[PDB]
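> Dropping a structure here in structure tokens format, bear with me for questions.
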Amino acid sequence: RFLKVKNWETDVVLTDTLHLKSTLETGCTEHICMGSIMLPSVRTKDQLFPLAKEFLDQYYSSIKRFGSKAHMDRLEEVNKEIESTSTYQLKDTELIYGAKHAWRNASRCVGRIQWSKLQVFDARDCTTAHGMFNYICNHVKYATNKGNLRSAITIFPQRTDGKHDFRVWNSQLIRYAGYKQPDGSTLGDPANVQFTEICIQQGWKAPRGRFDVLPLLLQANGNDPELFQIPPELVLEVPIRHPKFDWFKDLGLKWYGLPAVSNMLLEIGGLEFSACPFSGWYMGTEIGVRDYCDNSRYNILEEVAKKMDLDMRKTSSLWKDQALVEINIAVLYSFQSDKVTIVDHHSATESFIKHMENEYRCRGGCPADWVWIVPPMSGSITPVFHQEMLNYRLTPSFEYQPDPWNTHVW
Amino acid sequence: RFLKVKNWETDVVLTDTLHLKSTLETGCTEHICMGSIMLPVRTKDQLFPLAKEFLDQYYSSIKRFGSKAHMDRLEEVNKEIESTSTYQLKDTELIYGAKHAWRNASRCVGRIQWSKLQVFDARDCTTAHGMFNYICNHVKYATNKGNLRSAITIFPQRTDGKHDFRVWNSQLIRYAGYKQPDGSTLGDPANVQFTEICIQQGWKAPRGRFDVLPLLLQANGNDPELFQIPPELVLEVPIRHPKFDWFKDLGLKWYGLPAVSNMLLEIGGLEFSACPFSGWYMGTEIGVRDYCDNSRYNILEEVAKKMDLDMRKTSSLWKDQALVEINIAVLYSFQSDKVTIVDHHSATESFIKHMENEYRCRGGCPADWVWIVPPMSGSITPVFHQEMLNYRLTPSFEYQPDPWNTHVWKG
Ligand code: HEM
Ligand code: HEM
Ligand SMILES: Cc1cc(N)nc(CCc2cc(CCCN(C)C)c(F)c(F)c2F)c1
Ligand SMILES: Cc1cc(N)nc(CCc2cc(CCCN(C)C)c(F)c(F)c2F)c1
Ligand SMILES: C[C@H](O)[C@H](O)[C@H]1CNc2nc(N)[nH]c(=O)c2N1
Ligand SMILES: C[C@H](O)[C@H](O)[C@H]1CNc2nc(N)[nH]c(=O)c2N1
Ligand SMILES: [Zn+2]
């Protein structure tokens, strides 16, 4: 019941007691482990108050006022407000705490050593999609900071009856369009083909290019979503060149500086925030391994290996592995040259081990999903590969939610 | 009930029903996943259900479930259990059991080959000298002059737990490690403790960087005994690089035959505590783990030095670059010497084909994503994108304690 995790490279053993405060479920049973499943998964008055109490208990404990004057009053006041209104409103301090701890609790996030330095933008007074656009532009500008990226989240009004949902329809604030070609292939980002169509097949004027920044599709108060173009001067992009291969720049590659997830649901004290875009900065492998070299994405491995003149006859020449490394050197080199914040996988995974040690010491544990924390290249030469991790679900949390074009009462 | 797994690269969705036949536990609960944890004395009370379950599976596989032969064998095993408190497997049952323990090994990416296992029945063995002879014959057969063949040798099953057969080596062929007084290590740091035991048991160590360890073999619960594998039976491969002529001067070599010897084979409730098995290497086992783990031979520095990469900042990816070149050299060396090896691209593709076939013909394939995904180039192999369900089926291979921690020395 008091569990231990071992690092097999260093023999360091940590003792986890935090998991005993886990609330939600993992998808696993003692008969079957679902650790590699990508997606392992109204609201009444009964359910809401224990959730608020659990959250307020940990909030007042965190400020060393558990069982105090203000603690009992706040508990009473929220209880009064739920009994009356069937919901409640977070104090600004509780919202900031809840958002920072949702990130602290994100077991798939390797960047959590930064969790306490998060800029929380309270957008709970927003009422229209034009107001949403305004808040998102300000977020993008703040977070981008001319390349000196700063972590931020913008929190739109919480769900009420499920009919008045605020939703950002984009999966990330900044992504590249994808169109299926006449000759059967795909131009741009294949992952965004259905979305790039919903933008066109409902308003947008696509420049049908390969790296077209998609428009925002914003939904306020349950209404139909509206299209907005992010001002291009707010979208920091990096042309990708290689520090050795001069032909690399001729590949035509670029990527955007700001990774900003916008389709997750933020849960704090039972309250659900369905529009809560958040951003940090890239780990190099997200772009160079996944975005560029996945077969279902831009899938550039063949072209790069050909220009390197590698033996592509046999897989055992490891031509894919060689090109992969060069592509990721170029991504890192390009961002660093343009003074755009980026972290390589060696530095980020080292940071996470230090974060884990901090969390075990000051908190008694750190939920972590090994399948997601280990980078998608060079796994075993990073320290996290050799680190046993316990995965469990703590709240406040970021959760997945259905894509809105499958749920919108249109 | 049914369970579905999806491949996010190809959108193929498979449906698992085999997990219903799972019995052992995973370590996980509804509230915690132990998927990345490395490691999550038997009476007649529990033995006959285990035997009956196994014999049901065996007679089903041969299309004889419920036949007179099936019923007579159950009756015969039942009587032998209450008469003798254990039972003996037929040769055919042992072969089926060993093949299916491999088929059920959720951490093994090489399972497309499970039905072509050569099973050596060594249940008549009585002494450590006899174990040595069986293991020599296994090594010669499996090596096959570089054309490797999968094999397993099965020594007598556990009785009261005081008479165990054990191979004290973790693998039949491994290099020694020696801790120096200055704190540095010569050879394989993974094997320092076992090397100390061998030395204490009388082994005369050459004290080089690639000394093949002696076999330390325990029969019938007696103290273990040292034996040197005849060197002409240990096939080794000097490592060189197809383009880098200085790579040979690093002085690296490795052995051809990977042969695990510390696991326990469970078949029908019977426990075979000495069951060495062997296949052939996937290149990354040597080039990534054996050579580049910080806690193993740890050659990333010197390789990158000789390559003259920028080693001052990690963001040059000098480690990633040297890692690839080393793994090219491993594959090139084995192929050039005509010693069986498989690269991680081929092995993971074969495993995906295996897994799909197992879903079609068997209703599932238990698989441990954490171990199946190779330790370099993860997402450019197809297993990275493949959802997998992990569960425990029997027959199975299990971990067991290191014998020096449990053995009662006879002196
Ligand atoms: C500041 C630097 C950050 C870095 C380097 C970083 C790194 C990463 C990486 C590499 C992933 C895996 C995502 C993937 O492979 O698709 C991830 C996931 C995630 N990150 Fe972080 N992140 C950062 C900031 C943040 C922030 C500011 C938040 C929230 C406030 C956050 C919340 C999450 C969540 C919830 C996931 C899981 C996404 C999912 O389950 O699909 N991250 N992060
Ligand atoms: C024929 C070629 C084979 C290949 C390419 C192969 C590949 C692998 C690899 C790469 C691993 C992970 C090992 C590690 O990272 O330390 C593994 C694990 C394993 N293999 Fe296979 N294997 C083969 C044959 C066999 C055979 C013949 C058996 C048994 C009869 C077997 C049973 C297992 C088991 C039980 C594990 C789990 C090891 C553990 O939990 O430590 N494999 N295999
Ligand atoms: C703040 C942040 C920093 C960073 N460095 N990286 C990311 C990227 C996280 C991510 C999250 C998701 C899940 C939500 C999307 N939908 C499909 C549910 C992805 F899908 C995805 F591709 C993806 F990159 C975010
Ligand atoms: C037949 C086979 C083919 C192949 N291609 N590869 C292997 C290697 C499996 C392996 C298994 C273990 C299990 C014992 C665990 N104990 C020592 C903690 C190892 F340790 C180890 F190093 C190791 F390589 C085996
Ligand atoms: C099937 C498997 O769970 C899936 O491919 C996961 C593996 N690990 C991952 N890890 C990260 N960081 N991001 C991902 O998208 C994935 N995909
Ligand atoms: C902590 C973690 O479970 C451990 O390092 C695992 C990760 N996956 C692995 N996968 C393989 N094939 N072999 C290993 O030794 C390991 N080690
Ligand atoms: Zn699990």
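Letters for chains follow the order of the structure tokens (A, B, ...), residue numbers begin at 1 for each chain, and ligand numbers begin at 1 in the order shown.
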Using only C-alpha atoms and all ligand atoms, find each protein or nucleic acid residue lying at most 6 Å from ligand 1; present the set as a list in words.
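What falls inside 6 Å of ligand 1 is residues 103, 106, 108, 109, 110, 111, 151, 278, 279, 280, 281, 282, 283 and 398 of chain A.
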> Kindly save the residues from that selection, with N, CA, C and O atoms included, as a JSON list (two decimals), in the first residue's frame.

[["chain", "number", "residue", "atom", "x", "y", "z"],
["A", 103, "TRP", "N", -1.88, 20.84, -14.07],
["A", 103, "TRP", "CA", -0.62, 20.58, -14.78],
["A", 103, "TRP", "C", 0.31, 19.71, -13.94],
["A", 103, "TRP", "O", 0.92, 18.77, -14.45],
["A", 106, "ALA", "N", -0.59, 16.11, -14.39],
["A", 106, "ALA", "CA", -0.68, 15.56, -15.74],
["A", 106, "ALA", "C", 0.38, 14.46, -15.92],
["A", 106, "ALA", "O", 1.53, 14.74, -16.27],
["A", 108, "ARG", "N", 1.17, 12.40, -18.09],
["A", 108, "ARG", "CA", 1.82, 12.22, -19.39],
["A", 108, "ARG", "C", 2.74, 13.37, -19.76],
["A", 108, "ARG", "O", 3.29, 13.35, -20.87],
["A", 109, "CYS", "N", 2.93, 14.35, -18.88],
["A", 109, "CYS", "CA", 3.66, 15.57, -19.23],
["A", 109, "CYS", "C", 5.07, 15.50, -18.65],
["A", 109, "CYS", "O", 5.23, 15.43, -17.43],
["A", 110, "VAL", "N", 6.07, 15.49, -19.53],
["A", 110, "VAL", "CA", 7.46, 15.50, -19.07],
["A", 110, "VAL", "C", 7.93, 16.87, -18.62],
["A", 110, "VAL", "O", 8.98, 16.98, -17.97],
["A", 111, "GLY", "N", 7.19, 17.94, -18.91],
["A", 111, "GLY", "CA", 7.69, 19.27, -18.61],
["A", 111, "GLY", "C", 7.27, 19.86, -17.28],
["A", 111, "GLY", "O", 7.38, 21.08, -17.08],
["A", 151, "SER", "N", 4.88, 29.90, -20.17],
["A", 151, "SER", "CA", 3.71, 29.04, -20.03],
["A", 151, "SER", "C", 2.49, 29.84, -19.62],
["A", 151, "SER", "O", 2.56, 30.70, -18.75],
["A", 278, "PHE", "N", -3.97, 25.94, -23.29],
["A", 278, "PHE", "CA", -2.73, 26.12, -22.55],
["A", 278, "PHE", "C", -1.53, 25.87, -23.46],
["A", 278, "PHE", "O", -1.61, 25.11, -24.43],
["A", 279, "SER", "N", -0.41, 26.49, -23.11],
["A", 279, "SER", "CA", 0.78, 26.48, -23.94],
["A", 279, "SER", "C", 2.03, 26.48, -23.06],
["A", 279, "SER", "O", 2.00, 26.97, -21.93],
["A", 280, "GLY", "N", 3.11, 25.90, -23.60],
["A", 280, "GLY", "CA", 4.43, 25.99, -23.00],
["A", 280, "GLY", "C", 5.48, 26.22, -24.06],
["A", 280, "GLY", "O", 5.43, 27.23, -24.76],
["A", 281, "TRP", "N", 6.43, 25.30, -24.20],
["A", 281, "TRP", "CA", 7.40, 25.34, -25.29],
["A", 281, "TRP", "C", 7.71, 23.90, -25.69],
["A", 281, "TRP", "O", 7.53, 22.97, -24.91],
["A", 282, "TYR", "N", 8.22, 23.75, -26.91],
["A", 282, "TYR", "CA", 8.40, 22.43, -27.50],
["A", 282, "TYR", "C", 9.60, 21.68, -26.92],
["A", 282, "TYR", "O", 10.62, 22.26, -26.55],
["A", 283, "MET", "N", 9.45, 20.36, -26.84],
["A", 283, "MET", "CA", 10.60, 19.47, -26.82],
["A", 283, "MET", "C", 10.89, 19.11, -28.27],
["A", 283, "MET", "O", 9.97, 18.87, -29.05],
["A", 398, "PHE", "N", -6.48, 17.65, -16.26],
["A", 398, "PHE", "CA", -6.86, 17.83, -17.65],
["A", 398, "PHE", "C", -7.36, 16.50, -18.20],
["A", 398, "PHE", "O", -6.69, 15.48, -18.06]]
> Please provide the set of residues having any atom within 9 Å of residue 31 (chain B), restricted to only C-alpha atoms, with same-chain residues fewer than 4 positions apart removed, written as a PDB file with N, CA, C and O atoms, in the first residue's frame.

ATOM      1  N   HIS A  19      -0.300   8.119  -4.176  1.00  0.00           N
ATOM      2  CA  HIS A  19      -1.300   7.388  -4.948  1.00  0.00           C
ATOM      3  C   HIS A  19      -2.536   7.051  -4.124  1.00  0.00           C
ATOM      4  O   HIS A  19      -3.619   6.862  -4.690  1.00  0.00           O
ATOM      5  N   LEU A  20      -2.396   6.945  -2.796  1.00  0.00           N
ATOM      6  CA  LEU A  20      -3.540   6.641  -1.947  1.00  0.00           C
ATOM      7  C   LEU A  20      -4.572   7.764  -1.939  1.00  0.00           C
ATOM      8  O   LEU A  20      -5.705   7.544  -1.504  1.00  0.00           O
ATOM      9  N   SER A  22      -5.567   8.974  -4.792  1.00  0.00           N
ATOM     10  CA  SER A  22      -6.092   8.935  -6.151  1.00  0.00           C
ATOM     11  C   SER A  22      -7.607   8.785  -6.129  1.00  0.00           C
ATOM     12  O   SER A  22      -8.168   8.054  -5.310  1.00  0.00           O
ATOM     13  N   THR A  23      -8.271   9.485  -7.047  1.00  0.00           N
ATOM     14  CA  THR A  23      -9.726   9.527  -7.089  1.00  0.00           C
ATOM     15  C   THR A  23     -10.256   8.752  -8.302  1.00  0.00           C
ATOM     16  O   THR A  23     -10.915   7.725  -8.132  1.00  0.00           O
ATOM     17  N   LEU A  24      -9.959   9.214  -9.513  1.00  0.00           N
ATOM     18  CA  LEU A  24     -10.452   8.581 -10.730  1.00  0.00           C
ATOM     19  C   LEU A  24      -9.759   7.232 -10.955  1.00  0.00           C
ATOM     20  O   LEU A  24      -8.913   6.794 -10.169  1.00  0.00           O
ATOM     21  N   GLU A  25     -10.118   6.571 -12.056  1.00  0.00           N
ATOM     22  CA  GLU A  25      -9.673   5.214 -12.344  1.00  0.00           C
ATOM     23  C   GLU A  25      -8.707   5.185 -13.522  1.00  0.00           C
ATOM     24  O   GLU A  25      -8.673   6.100 -14.350  1.00  0.00           O
ATOM     25  N   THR A  26      -7.916   4.100 -13.589  1.00  0.00           N
ATOM     26  CA  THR A  26      -6.836   3.983 -14.569  1.00  0.00           C
ATOM     27  C   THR A  26      -7.236   3.260 -15.848  1.00  0.00           C
ATOM     28  O   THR A  26      -6.577   3.442 -16.878  1.00  0.00           O
ATOM     29  N   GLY A  27      -8.290   2.456 -15.818  1.00  0.00           N
ATOM     30  CA  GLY A  27      -8.583   1.554 -16.901  1.00  0.00           C
ATOM     31  C   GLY A  27      -8.004   0.166 -16.728  1.00  0.00           C
ATOM     32  O   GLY A  27      -8.507  -0.782 -17.340  1.00  0.00           O
ATOM     33  N   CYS A  28      -6.978   0.020 -15.892  1.00  0.00           N
ATOM     34  CA  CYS A  28      -6.410  -1.281 -15.580  1.00  0.00           C
ATOM     35  C   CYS A  28      -7.241  -2.008 -14.528  1.00  0.00           C
ATOM     36  O   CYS A  28      -7.984  -1.403 -13.750  1.00  0.00           O
ATOM     37  N   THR A  29      -7.104  -3.331 -14.530  1.00  0.00           N
ATOM     38  CA  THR A  29      -7.537  -4.215 -13.455  1.00  0.00           C
ATOM     39  C   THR A  29      -6.369  -5.125 -13.094  1.00  0.00           C
ATOM     40  O   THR A  29      -5.347  -5.158 -13.783  1.00  0.00           O
ATOM     41  N   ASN A 391       1.526   5.189 -12.342  1.00  0.00           N
ATOM     42  CA  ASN A 391       0.526   6.021 -12.986  1.00  0.00           C
ATOM     43  C   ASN A 391      -0.796   5.912 -12.239  1.00  0.00           C
ATOM     44  O   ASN A 391      -1.284   4.807 -11.958  1.00  0.00           O
ATOM     45  N   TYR A 392      -1.346   7.062 -11.883  1.00  0.00           N
ATOM     46  CA  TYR A 392      -2.630   7.151 -11.207  1.00  0.00           C
ATOM     47  C   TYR A 392      -3.174   8.557 -11.444  1.00  0.00           C
ATOM     48  O   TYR A 392      -2.451   9.460 -11.875  1.00  0.00           O
ATOM     49  N   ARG A 393      -4.459   8.731 -11.168  1.00  0.00           N
ATOM     50  CA  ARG A 393      -5.173   9.942 -11.570  1.00  0.00           C
ATOM     51  C   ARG A 393      -5.522  10.782 -10.346  1.00  0.00           C
ATOM     52  O   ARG A 393      -6.308  10.353  -9.497  1.00  0.00           O
TER      53      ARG A 393
END
> What lies within 10 Å of residue 206 (chain B) using only C-alpha atoms, ignoring chain neighbours under 5 positions off, as JSON, numbers by chain?
{"B": [176, 211, 212]}
> With distances taken over only C-alpha atoms, which of A:82, A:332, A:153, A:377 is nearest to residue 44 (chain A)?
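Distance minimum relative to residue 44 (chain A) lands on A:82.
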> Quick one: residues within 12 Å of region 85-92 of chain A, only C-alpha atoms, excluding same-chain residues fewer than 5 positions away - as a CSV table (one decimal) with C-alpha atoms, in the first residue's frame?

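Listing of selection_34.csv after writing:
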chain,number,residue,atom,x,y,z
A,42,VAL,CA,-25.7,16.1,-16.6
A,43,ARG,CA,-24.1,16.7,-13.2
A,44,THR,CA,-26.2,16.5,-10.0
A,45,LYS,CA,-26.0,18.4,-6.7
A,46,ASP,CA,-25.0,15.2,-4.8
A,47,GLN,CA,-21.8,14.7,-6.8
A,48,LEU,CA,-20.7,18.3,-6.8
A,49,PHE,CA,-20.3,19.0,-3.1
A,51,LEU,CA,-15.7,17.2,-5.1
A,52,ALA,CA,-15.7,20.8,-3.9
A,53,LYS,CA,-14.9,19.7,-0.4
A,55,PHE,CA,-10.6,20.4,-3.5
A,56,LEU,CA,-11.0,23.1,-0.8
A,59,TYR,CA,-6.3,24.2,-1.1
A,74,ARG,CA,-15.4,28.9,2.7
A,75,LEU,CA,-16.6,25.3,2.9
A,76,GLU,CA,-19.8,26.5,4.4
A,77,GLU,CA,-20.2,29.3,1.8
A,78,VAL,CA,-19.6,26.9,-1.1
A,79,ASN,CA,-22.0,24.4,0.4
A,80,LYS,CA,-24.6,27.2,0.7
A,97,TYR,CA,-4.2,26.8,-7.7
A,98,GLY,CA,-6.5,24.4,-9.5
A,99,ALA,CA,-4.9,25.1,-12.9
A,120,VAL,CA,-3.3,31.9,-15.5
A,121,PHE,CA,-5.6,34.2,-17.6
A,122,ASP,CA,-9.1,34.4,-16.1
A,123,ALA,CA,-11.5,34.7,-19.0
A,124,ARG,CA,-14.6,33.6,-17.1
A,125,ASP,CA,-16.3,36.9,-18.0
A,155,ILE,CA,-9.8,29.7,-18.7
A,157,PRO,CA,-16.5,30.0,-18.4
A,158,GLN,CA,-17.2,26.6,-16.9
A,159,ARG,CA,-19.9,24.2,-18.1
A,160,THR,CA,-23.4,24.9,-16.8
A,161,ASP,CA,-26.2,22.7,-18.3
A,267,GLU,CA,-11.6,19.8,-14.0
A,268,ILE,CA,-11.3,21.7,-10.7
A,269,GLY,CA,-13.4,20.9,-7.6
A,270,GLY,CA,-16.1,19.2,-9.7
A,271,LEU,CA,-16.3,22.2,-12.0
A,272,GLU,CA,-15.7,21.6,-15.7
A,273,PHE,CA,-13.9,24.1,-18.0
> Would you mind listing, as a short mmCIF file (atom, residue, chain, number, x, y, z; two decimals) with N, CA, C and O atoms, in the first residue's frame, all residues of chain A that have at least one atom within 7 Å of chain B, where only C-alpha atoms are what counts?

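Contents of the output file out.cif:
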data_model
loop_
_atom_site.label_atom_id
_atom_site.label_comp_id
_atom_site.auth_asym_id
_atom_site.auth_seq_id
_atom_site.Cartn_x
_atom_site.Cartn_y
_atom_site.Cartn_z
N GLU A 9 19.11 2.47 -13.44
CA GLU A 9 20.42 2.98 -13.81
C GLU A 9 21.20 3.45 -12.58
O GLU A 9 22.42 3.27 -12.51
N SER A 22 -5.57 8.97 -4.79
CA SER A 22 -6.09 8.94 -6.15
C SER A 22 -7.61 8.78 -6.13
O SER A 22 -8.17 8.05 -5.31
N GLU A 25 -10.12 6.57 -12.06
CA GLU A 25 -9.67 5.21 -12.34
C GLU A 25 -8.71 5.18 -13.52
O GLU A 25 -8.67 6.10 -14.35
N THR A 26 -7.92 4.10 -13.59
CA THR A 26 -6.84 3.98 -14.57
C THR A 26 -7.24 3.26 -15.85
O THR A 26 -6.58 3.44 -16.88
N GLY A 27 -8.29 2.46 -15.82
CA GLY A 27 -8.58 1.55 -16.90
C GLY A 27 -8.00 0.17 -16.73
O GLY A 27 -8.51 -0.78 -17.34
N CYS A 28 -6.98 0.02 -15.89
CA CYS A 28 -6.41 -1.28 -15.58
C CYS A 28 -7.24 -2.01 -14.53
O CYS A 28 -7.98 -1.40 -13.75
N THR A 29 -7.10 -3.33 -14.53
CA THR A 29 -7.54 -4.22 -13.46
C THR A 29 -6.37 -5.12 -13.09
O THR A 29 -5.35 -5.16 -13.78
N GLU A 30 -6.52 -5.90 -12.02
CA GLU A 30 -5.46 -6.85 -11.69
C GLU A 30 -5.38 -7.99 -12.70
O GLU A 30 -4.44 -8.78 -12.63
N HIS A 31 -6.33 -8.08 -13.63
CA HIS A 31 -6.24 -9.07 -14.69
C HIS A 31 -5.73 -8.49 -16.01
O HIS A 31 -5.21 -9.25 -16.83
N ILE A 32 -5.83 -7.19 -16.24
CA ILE A 32 -5.39 -6.67 -17.53
C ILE A 32 -4.87 -5.25 -17.36
O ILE A 32 -5.52 -4.40 -16.74
N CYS A 33 -3.68 -5.01 -17.91
CA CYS A 33 -3.07 -3.68 -17.92
C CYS A 33 -3.37 -3.01 -19.25
O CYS A 33 -3.10 -3.59 -20.32
N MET A 34 -3.92 -1.80 -19.18
CA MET A 34 -4.21 -0.98 -20.35
C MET A 34 -3.28 0.22 -20.44
O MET A 34 -3.66 1.28 -20.95
N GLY A 35 -2.04 0.06 -19.96
CA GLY A 35 -1.08 1.15 -19.93
C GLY A 35 -0.77 1.77 -21.27
O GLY A 35 -0.35 2.94 -21.32
N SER A 36 -0.96 1.05 -22.37
CA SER A 36 -0.62 1.57 -23.69
C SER A 36 -1.85 1.98 -24.49
O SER A 36 -1.72 2.27 -25.68
N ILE A 37 -3.03 1.98 -23.87
CA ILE A 37 -4.24 2.44 -24.53
C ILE A 37 -4.24 3.97 -24.51
O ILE A 37 -4.04 4.59 -23.46
N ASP A 294 6.64 10.75 -38.45
CA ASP A 294 5.51 9.82 -38.45
C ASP A 294 5.07 9.54 -39.89
O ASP A 294 5.06 10.44 -40.74
N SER A 296 2.03 8.86 -40.74
CA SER A 296 0.73 9.48 -40.90
C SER A 296 0.79 11.00 -40.81
O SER A 296 -0.26 11.65 -40.82
N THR A 315 16.58 -2.34 -44.53
CA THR A 315 16.31 -1.65 -43.28
C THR A 315 17.51 -1.70 -42.34
O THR A 315 17.72 -0.77 -41.55
N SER A 316 18.31 -2.76 -42.41
CA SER A 316 19.42 -2.96 -41.49
C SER A 316 20.60 -2.01 -41.72
O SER A 316 21.55 -2.05 -40.94
N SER A 317 20.58 -1.17 -42.77
CA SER A 317 21.53 -0.07 -42.83
C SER A 317 21.16 1.07 -41.87
O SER A 317 21.94 2.01 -41.70
N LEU A 318 19.97 1.00 -41.27
CA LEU A 318 19.49 2.02 -40.32
C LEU A 318 19.48 3.42 -40.96
O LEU A 318 19.73 4.42 -40.29
N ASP A 321 17.09 5.58 -39.14
CA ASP A 321 17.61 6.06 -37.87
C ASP A 321 18.60 7.20 -38.08
O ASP A 321 18.59 8.19 -37.32
N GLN A 322 19.43 7.11 -39.12
CA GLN A 322 20.41 8.16 -39.40
C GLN A 322 19.73 9.47 -39.78
O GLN A 322 19.99 10.51 -39.16
N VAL A 325 18.05 11.28 -36.82
CA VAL A 325 18.90 12.07 -35.94
C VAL A 325 19.20 13.43 -36.58
O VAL A 325 19.05 14.48 -35.94
N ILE A 329 18.55 17.21 -35.20
CA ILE A 329 19.60 18.21 -35.01
C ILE A 329 19.19 19.53 -35.64
O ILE A 329 19.39 20.61 -35.06
N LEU A 332 16.39 21.48 -33.59
CA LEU A 332 17.01 22.13 -32.45
C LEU A 332 17.90 23.29 -32.90
O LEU A 332 17.81 24.40 -32.35
N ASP A 344 15.85 20.05 -25.77
CA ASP A 344 16.07 18.72 -26.33
C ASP A 344 15.61 17.65 -25.34
O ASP A 344 15.37 17.92 -24.15
N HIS A 346 17.19 15.11 -24.08
CA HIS A 346 18.11 14.78 -23.00
C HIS A 346 17.91 15.73 -21.82
O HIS A 346 17.79 15.28 -20.67
N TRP A 370 4.83 6.17 -18.12
CA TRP A 370 6.10 5.87 -18.78
C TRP A 370 5.95 5.84 -20.30
O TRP A 370 6.84 6.29 -21.03
N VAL A 371 4.84 5.29 -20.79
CA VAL A 371 4.61 5.17 -22.23
C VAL A 371 4.69 6.54 -22.92
O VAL A 371 5.16 6.64 -24.06
N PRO A 376 10.25 9.61 -28.06
CA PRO A 376 10.06 8.68 -29.17
C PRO A 376 11.31 8.36 -29.98
O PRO A 376 11.20 7.65 -30.98
N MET A 377 12.48 8.88 -29.61
CA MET A 377 13.75 8.38 -30.12
C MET A 377 14.72 8.27 -28.96
O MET A 377 14.53 8.88 -27.91
N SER A 378 15.76 7.44 -29.14
CA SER A 378 16.85 7.38 -28.17
C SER A 378 16.35 7.06 -26.76
O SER A 378 16.92 7.55 -25.78
N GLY A 379 15.28 6.27 -26.67
CA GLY A 379 14.63 6.05 -25.38
C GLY A 379 15.59 5.68 -24.27
O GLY A 379 15.61 6.32 -23.22
N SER A 380 16.41 4.65 -24.48
CA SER A 380 17.18 4.12 -23.36
C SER A 380 18.43 4.93 -23.05
O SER A 380 19.10 4.63 -22.05
N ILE A 381 18.78 5.95 -23.84
CA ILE A 381 19.91 6.77 -23.41
C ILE A 381 19.38 8.01 -22.69
O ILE A 381 20.16 8.89 -22.31
N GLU A 388 11.33 3.46 -13.07
CA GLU A 388 9.99 2.97 -12.80
C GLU A 388 9.09 4.14 -12.41
O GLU A 388 9.52 5.05 -11.70
N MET A 389 7.86 4.13 -12.91
CA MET A 389 6.89 5.18 -12.67
C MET A 389 5.55 4.55 -12.31
O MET A 389 5.17 3.53 -12.88
N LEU A 390 4.86 5.15 -11.36
CA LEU A 390 3.51 4.73 -11.02
C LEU A 390 2.55 5.71 -11.66
O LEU A 390 2.74 6.92 -11.54
N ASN A 391 1.53 5.19 -12.34
CA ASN A 391 0.53 6.02 -12.99
C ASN A 391 -0.80 5.91 -12.24
O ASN A 391 -1.28 4.81 -11.96
N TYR A 392 -1.35 7.06 -11.88
CA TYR A 392 -2.63 7.15 -11.21
C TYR A 392 -3.17 8.56 -11.44
O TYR A 392 -2.45 9.46 -11.88
#
> Would you mind listing what lies within 10 Å of residue 110 (chain B) as a PyMOL selection string, with only C-alpha atoms counted and same-chain residues fewer than 5 positions away left out?
chain B and resi 102-103+105+279-282+342+347-348+350-351+354+372
> What residues of the protein or nucleic acid chains come within 7 Å of ligand 4 when you use only C-alpha atoms and all ligand atoms? Reply as a list in words.
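With only C-alpha atoms and all ligand atoms and a cut-off of 7 Å, ligand 4 is contacted by residues 170, 258, 259, 260, 262, 263, 277, 278, 279, 280, 281, 282, 285 and 399 of chain B.
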> Choose the residue, out of B:220, B:205, B:50, B:116, that has the smallest atom-to-atom separation from residue 156 (chain B); count only C-alpha atoms.
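Closest candidate: B:220.
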